[PDB]
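>>> Build me a model from this:
(one chain, ligands or ions: 1)
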Amino acid sequence: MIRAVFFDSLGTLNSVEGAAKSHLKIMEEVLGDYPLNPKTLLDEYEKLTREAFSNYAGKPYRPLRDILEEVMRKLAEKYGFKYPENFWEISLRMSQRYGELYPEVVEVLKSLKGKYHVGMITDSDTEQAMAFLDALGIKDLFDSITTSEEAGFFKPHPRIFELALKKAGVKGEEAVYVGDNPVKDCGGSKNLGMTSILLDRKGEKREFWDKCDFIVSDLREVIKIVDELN
Ligand SMILES: [Ca+2]
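Residues are numbered from 1 along each chain as shown. Here you go, the structure:
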């Protein structure tokens, strides 16, 4: 039977509008009066980080802090503004203020607690994952929190999923993983025998729906799927 439900963090529990608002505010404080459009800086930042996240997929862990600092250091020299030494601190403060849970997150996490093991599996650094959970107020709704820093590898490396299963004491066959990246999340969890659920809220990933066991537009559907399986 399904005895554990694991969730991805960024893009699965926090709202896209809140993330965009937060990140724009980040670049606004990094720039200040500098004659650079903060929206343009953000777009270029997201460009470079998307390439970096792709290059490290499934590979040994490197601190995300270093990866993101590296990107911002390149951007500061390209455009001529002063590198923000407190970029990590600015990013946390803006995410804490403007970050936002999807409306159903607490309901779903509440409904699953007690009945199942509720865990998180994220590529973020451990201190970053805890700040994410603390800022949004959902830290105590998880029985386990597993990060790439602990496992030593980024998704979809099987080690990060294996560690989360070990923490829960359940077999991959007894676990579900919910995420929004078809290859990193659904593909990775499948290698451990886990049941994969893709979260496609805006229906933008039809091309990848064959890679996943289930596709949902709302986390409240996860409850139906687990019951349907047991
Ligand atoms: Ca994600």
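>>> Verify the contact between residue 81 and residue 36 for me.
Yes. Between residue 81 and residue 36 there is a contact under Cβ atoms under 8 Å: 6.4 Å. For the C-beta atoms, the positions are set from N, CA and C on the backbone; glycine is no exception.
>>> where along this structure do the helices fall?
Using DSSP state H, the helices of the chain run over 16-31, 38-55, 64-79, 87-98, 105-112, 126-136, 148-151, 158-168, 188-190, 220-229.
>>> For the second one, buried residues please.
If I follow you right, that is helix 38-55. Buried residues in helix 38-55, defined by neighbour count with 16 or more other Cβ atoms under 10 Å: 38, 41, 42, 44, 45, 48, 49, 52, 53.
>>> Then stretch 18-33?
Under 16+ other Cβ under 10 Å, the buried positions of stretch 18-33 are 18, 19, 21, 22, 23, 25, 26, 27, 30, 31.
>>> contacting residues around the residue lying closest to residue 29 once chain neighbours are set aside?
Nearest residue to residue 29 in three dimensions, chain neighbours excluded: residue 90, at 5.6 Å (Cβ to Cβ, 6 or more residues apart in numbering). Contact analysis of residue 90 by Cβ atoms under 8 Å, 6 or more residues apart in numbering lists 26, 29, 30, 84.
>>> dump the residue contacts of the nearest residue to residue 132 once chain neighbours are set aside.
Among residues not flanking residue 132 along the chain, residue 9 sits closest, at 5.9 Å (Cβ to Cβ, 6+ apart). Residue 9 sits next to 120, 122, 124, 129, 132 when contact means Cβ under 8 Å, 6+ apart.
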